[PDB]
Each structure stands twice: as structure tokens, then as C-alpha cells.
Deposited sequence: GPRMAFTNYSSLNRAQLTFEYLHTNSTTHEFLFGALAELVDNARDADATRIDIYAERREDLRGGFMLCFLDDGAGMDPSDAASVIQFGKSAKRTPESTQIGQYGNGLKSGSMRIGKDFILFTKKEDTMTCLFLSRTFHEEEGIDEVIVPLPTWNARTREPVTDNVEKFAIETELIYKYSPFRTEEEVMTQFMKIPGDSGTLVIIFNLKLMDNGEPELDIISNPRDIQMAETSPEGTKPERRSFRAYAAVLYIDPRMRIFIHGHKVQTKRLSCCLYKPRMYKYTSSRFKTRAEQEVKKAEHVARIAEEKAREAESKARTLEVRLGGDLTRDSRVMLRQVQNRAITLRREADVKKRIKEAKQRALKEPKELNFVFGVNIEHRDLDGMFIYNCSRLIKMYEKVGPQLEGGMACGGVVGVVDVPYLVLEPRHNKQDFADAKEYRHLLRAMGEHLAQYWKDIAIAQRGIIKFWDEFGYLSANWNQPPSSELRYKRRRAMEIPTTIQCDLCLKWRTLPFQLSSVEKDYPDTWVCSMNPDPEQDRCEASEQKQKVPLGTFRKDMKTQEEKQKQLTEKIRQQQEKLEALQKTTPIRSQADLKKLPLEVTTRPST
């Protein structure tokens, strides 16, 4: 019994410490978007709610229709490091048990979260304002739960519930039970979550870091020196995931999420055999083989004992002791059989090709927006990273975008999910990408016809590399014929391609598009199987 011993504890100032991991502010917002994706949301709405009485003048709200949280899931939010996602073979992005807390506290002083699942609804309130006003150095978190149908309190301690809710009514943006219930009503389905960050951080000039006024369909950094994804959250959100499904809306307006590899001229894929991937997968199998073997030894020991003890023995004493070893044998056999299945699954996975897929294509719409985009378990970590020939002063590989998805066995992310924890191996990957890039440039052979004429044809008349291509009617169409338009159905979440349509070059597409708007007979119903847009194979 260790109950008397000292525990490590969190103090109030740690919330700030933790938040300093995010220099890139959009990386803090990404943590909340990641959590919605991980909860299987089909949509997330990121929107502002004007509140002149709160610091920065609005609250930033993240509303998803994912799985939500029951009361124990909600309580675990404040167990720093706790993540039910951290399982071997995770394709969830979350693994460190920190993102919501590091991200929210970078963005604002306070947050309040509402979540609904099955028959309960829970509020989690993290108020640094309360802590400062009352001189609290611990981290104290109100966590009231109500019945989702009756709205009655669900609590073991009515005095605690009254203190919890009064703290919410005193310090949060919602000053009555009725105002709180209005927030729970914004989660219209059976389940979902609403995170509201408020008292937003200010710049020196007293204005918020986030500008939602300049473009009321966007969230921008309040300050072109910058790539679009570093100043426009609409741009960043579109490419945050390599395989988007979840729809994203900003201030009610759909984000045109995209697969970068489908937005490029003449995409090509190269398989890179990864010695780390294979080495590490082998070591994982060996660990699981060991674990399974030891569990089998222990089960066989207990099974032997049950056999031998039974023959040796009927008093009630001997009956109870025989059953105790018989049940122990049964328990250990079931555990040994579970470890065996884990090991066998890992053995099967080991035989899959241990390769990374590099995809390259030319960004003819914005040739200055080039370099490598490096994803980790499908989540964007690094963008616009120049490699190989791009590191020289040349036109060689100018305009080429590269994409790769790196599994957790090959690389894990830093604390802020904007870098890689193993710099040596990351640099090795960049070197390999650079070599394959050079091969790509040979394989499309622009030198054959020239580069001065290639770019001229898509409307790049200026000698200013970073100037946009011509806007005229012939050049827009010429670029449009090379990159098929793809679009996601708002109903079924399938991705579809649209045949070129000269009447469609003039416009873009509304907040809604559905499969039955498609003119291709082969993909005009939600029922038509999703066609995988496939990338020709190159060799290095």
C-alpha cells in the first residue's frame, strides 16, 4: 500500500508552461481538430461567437458530431498523459494525453467544453481567470453532469455539484443553467462535443492574435512574406490530413479540403524501402514472441499443477484449494491465448512491404508553393520543406510538391506535433526524398521540351517566379485540363472526380455538393463505389 507516499502534482502555472510548446498558433487549433477526427466526427464547425465583454471580443468554438464523452471519459481529459488512443497499431492521431490542454491554453486564458454521449451530458470548465482571482495554485476543474433527457443533475454529491455549477455561472460566459443548456442543445445528435476557448490572447497593440474580420470566412493570423497555410486557417485546415473525410466548416462556410497528390500535374509515386521500418517491425514481433512465450510457460505451469493436484486429492479445504489452482490455470491460459493472437497479428503485419510512398507532382496553379509535405499517421507535421535539387539556386524541381505519410514506427512527433522527435532519421528521410525528387524530374523530362516553354504555356509570362499565373480564359482552362476537379459528397463523404466542363471553369462549388450533381454516369449516386484515384509508379 503506497497511499501515504508523495505524488507528482500539477500546479496552475504549468498550464502556461505546457502552452509554450506552440509557437505556431494554428498548431494549437490543430490539436482540437485532431481530437474531433479521432472521435469519428463527420463534421467539425470552427466558428466565432462575438462577445464584447470577453478578452479579444469573441469566443472560438469547435463543434463536432463525433462520439462524445461520458462522465468518466470527460474526467480523464484532466489526467495529463492519459490517452485510450495510445494502443499498438494506432491510426488515431492522439497519443500523448496533452493536446487539448497545450493547445487551448496557447489560444486563450480559459475554456469550457460541453459533451454528450448516450444518456449523459457533461461540462468541463478550465478557468485560469477563477484561479487568478481566488489565488488557487492547484488546478481545480468543475465537471458537472446532467441527464441528457430530463436535465436532472447526475451526481454523487449535491454540495459538490452546486459548487461546480456556481463556479461556471460566476466565471464562464454562461451565467445561468438555462444558458448552459442552450450550449448543450447545439450538439443536435446523439453525441458530440463543443469546445469554447475564450479570453483570447492579445498582441501588444491590444488586438487578438486571430483576425476573423478581414475575411469573415476565415481565421487569419493578425498581421506577402508568408505561405497561405501559415496565415489562413482555411488554407491550413484544407491540407491538415492526407486523407480527409471529416468535413470542416469555418464560420459556417465549407473548407475545400484536398488531397495534395490529386492537385498536381503528372503525379508519380516511388516506393522507398525503409530499413528502420523493417528493423523496428522485426523488434516489435520479437517482443511479442517473448511475451507470448513467457505467458505460455506460466499457463502450462498452472495447468500442470491443476492436473497433478487433482490426482493427489475430498475435504472442503482441499476442494477450495483445488478450485483455486484450476481457476488460476484457466485465467492464465486465456491470457496466454490473447498474447499469442497479438503476436500472430504482428507476424502477419511484418510480411507487408516495409516501404514509404513518396508522391511528387508539379504545382502548376502556384509554382512558388512547392517543397515537401510530411505527414505522420496522416497528420501534417512539416510543410514546404525543400529537398534535393530545390536546395540549389535553380529552376530544376522548382514547382514540385512532394507528399509522404510516415508511420509511427518510423517517426514520432515532437510535443507540439510540428516537428519530429528523431532529427537524425528525419534528416535521412529528407535526403532520400531529395534523391527521388531528382528522379521524378528526370521521369517527366521537362528538359526535353524546355522549362521556359512549359511554364509559359500555363500562363507564367512574368520573370517574377513568385507572381501568380495568368488569369485569362485560355490559361485557366489549360491548367484545368491537367488537374481533374475532385469534390466530396456532403451526404456520403465519398470523393468524386468531375469530368472537365468548360461552363464549370468560370465558377467554384457551393457549401453543398452531392453525388447526384456529378455529370459522370459512373459516379452519380451515393451508391456508386468510391473510385481510388491512382498514381503511376516510378522507379528510382
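- Sequence ranges 1-7, 231-233, 324-326, 554-606 have no coordinates in this entry (deposited sequence, numbered from 1, C-alpha basis).
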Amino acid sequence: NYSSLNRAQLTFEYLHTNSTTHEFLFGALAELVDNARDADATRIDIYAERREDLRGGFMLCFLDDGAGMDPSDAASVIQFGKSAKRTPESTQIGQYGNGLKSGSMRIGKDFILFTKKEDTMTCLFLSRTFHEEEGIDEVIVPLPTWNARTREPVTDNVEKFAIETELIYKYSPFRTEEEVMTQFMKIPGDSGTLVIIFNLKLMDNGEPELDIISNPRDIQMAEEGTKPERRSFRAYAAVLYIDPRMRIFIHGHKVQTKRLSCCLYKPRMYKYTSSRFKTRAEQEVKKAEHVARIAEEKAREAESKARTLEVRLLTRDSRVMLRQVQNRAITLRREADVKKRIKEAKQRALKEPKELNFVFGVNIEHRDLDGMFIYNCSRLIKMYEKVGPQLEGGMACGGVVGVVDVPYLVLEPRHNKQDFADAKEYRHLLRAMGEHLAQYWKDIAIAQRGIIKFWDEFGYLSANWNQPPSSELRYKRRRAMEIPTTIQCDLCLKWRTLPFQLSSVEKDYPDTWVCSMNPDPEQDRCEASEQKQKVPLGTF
From here on, numbers count along this sequence of modelled residues.
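- Stretch comparison (244-252 versus 456-464) by mean CA B-factor in the PDB entry places 456-464 on top.
- Of the two stretches examined, 88-96 and 111-119, the record assigns the greater average C-alpha temperature factor to 88-96.
- Remark: of 290, 201, 259, 417, 290 shows the highest value [criterion: C-alpha B-factor in the PDB entry].
- Sorting 227, 131, 217, 442 by the CA temperature factor given in the entry leaves 442 at the top.
- When all modelled residues of the chain are sorted by CA temperature factor, residue 22 is found within the lowest third.
- For residue 503, the recorded CA temperature factor ranks within the highest third of the chain's modelled residues.
- Per-chain ranking of the deposited C-alpha B factor places residue 524 in the middle third.
- Compared with the other modelled residues of the chain, the Cα B-factor recorded for residue 76 ranks in the lowest third.
- When all modelled residues of the chain are sorted by CA temperature factor, residue 189 is found within the middle third.
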